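Derivation of every value follows stated rules applied to the coordinates shown; laboratory data play no part. Neighbour counts are summed over all protein chains in view; Cβ atoms, including those assigned to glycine, are modelled from backbone coordinates with ideal geometry.
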Amino acid sequence: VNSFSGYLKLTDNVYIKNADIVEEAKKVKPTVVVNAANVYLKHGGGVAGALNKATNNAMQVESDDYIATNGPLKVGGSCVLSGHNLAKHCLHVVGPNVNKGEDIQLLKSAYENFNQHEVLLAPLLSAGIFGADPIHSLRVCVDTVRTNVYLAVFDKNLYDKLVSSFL
Ligand SMILES: Cc1[nH]c2ncnc(NC(=O)CC(C)(C)C)c2c1C
């Protein structure tokens, strides 16, 4: 038993809800919140911009030190950093950005990072300003993640479409 509330159960381990991941993180304080990151950890907009704003830019400060030491992530890769006031940890995961021309096949590799964590709160990878089809992202999530994932979908209209079309 965990503290997530109001989710629809899609499969044995995948759950979905119309919610703002920022507000959801601030209430649940999950062990792991997933950020929709880029390889430079520049958290300017989309989910990443919103999570960082909620940390009063502390996420960005930590991220800049990480990149200065380690260099950029790989598309499809991840790193674990602090969750600041939102979660114990933040798993920064880089899904392909279609608006940059990146290979959509890398979306499965991106979701594989979730399997290193028993329970996670997450957005749909590569959705939103990353340009991928969210219905496809949900399909890849369900077919790749085996640990317990709680998906927060900000847009109410998109959520209903995701549910109604889920096979
Ligand atoms: C600030 C914020 N918070 C979120 N929490 C969960 N999911 C999110 N993204 C989407 O739902 C996909 C789109 C944007 C509807 C296509 C977001 C965003 C952009």
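Points to keep in mind about this one:
- Residues in the stretch 30-80 that are within 19 Å of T147 (Cβ to Cβ), in a loop (DSSP other than H, G, I, E, B) and more than 16 Å from the ligand (Cβ to nearest atom): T31, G76, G77.
- Filtering the stretch 86-103 for residues that are more than 18 Å from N35 (Cα to Cα) and either within 12 Å of the ligand (Cβ to nearest atom) or surrounded by 16 or more Cβ atoms within 10 Å (Cβ to Cβ) (or both) leaves a non-empty set.
- Of residues in the stretch 109-155 being among the charged types (D, E, K, R) and more than 9 Å from the ligand (Cβ to nearest atom), the one nearest to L73 (Cα to Cα): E112
- From the options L86, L107, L73, residue that is among the aliphatic types (A, V, I, L, M), under 18 Å from the mean Cα position of the chain (by Cα) and closer than 12 Å to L41 by Cβ: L73
- The set of residues in the stretch 52-86 that are touching a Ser or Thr at 6+ places or on another chain (Cβ under 9 Å) and at positive phi comprises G76, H84.
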